[PDB]
């Protein structure tokens, strides 16, 4: 029923679970943006997302989630769903729009490509994994349709990245929250999990390697893998 005594919100707190091969593809998203912007933050390793206290933070009972102070430090705000955590970090910590967009025109495309991930590849990948791994009985017709739908999303991303000068999904010049949201579900290791040959989408594979070379992305993958493997297995990690 009650918040753990080590959960205090003195600045942004990102909620994660213990790092495994399969626990980090959504939690890494806000962490990449925190690392890009140099946002001061704490990490809280949630032992059980089923815990009643955790549903007060995220009623969908998943990581990532954020608690942070309001602009005047007085109130506590929350963000949950990985796409919403990116929108919150950009609103509170990216006023100049380096990752969130500098104007109505840039935001139009950032929101198109971010929403395509949020509504299409993200939930399709989620449902593919659910039916492939977790659903008690195997529904092969359903699983094959979902696999097919993943390839359709990779075809859209490949089309975009073949447009002249289009180095990133939303903007020609630099990565945005649309790129950060898409990357974990559009990289070779994830394509292989889906039983797909990522070399079939060469411009998308090139883009995924370019994103993977960014120091903030390397730092985010290194940290998210290690959460709950240190001295403290669960709770507020020592800063």
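Residue numbers count along the first chain shown, from 1.
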Next item on the list: Between 189-197 and 32-40, name whichever shows the higher mean Cα B factor according to the PDB entry.
Entry: 189-197
Note to self: Comparing average C-alpha B factors as deposited, tell me which of 127-135 and 97-105 sits higher.
What the structure shows: 127-135
Notebook entry, point to check: Out of 78, 117, 141, 160, which residue has the highest Cα temperature factor in the PDB record?
Noted result: 141
Next item on the list: Determine, from the deposited record, the chain-internal third of the Cα B-factor for residue 151: lowest, middle or highest.
Entry: middle
Next item on the list: Looking at the entry's B-factor column for C-alpha atoms only, identify whether residue 21 ranks in the lowest, middle or highest third of its chain.
Entry: highest
Checklist line | Chain third (lowest, middle, highest) by recorded CA B-factor, residue given as residue 56 | finding: middle
Notebook entry, point to check: C-alpha B factor of residue 206, ranked within the chain: lowest, middle or highest third?
Noted result: middle
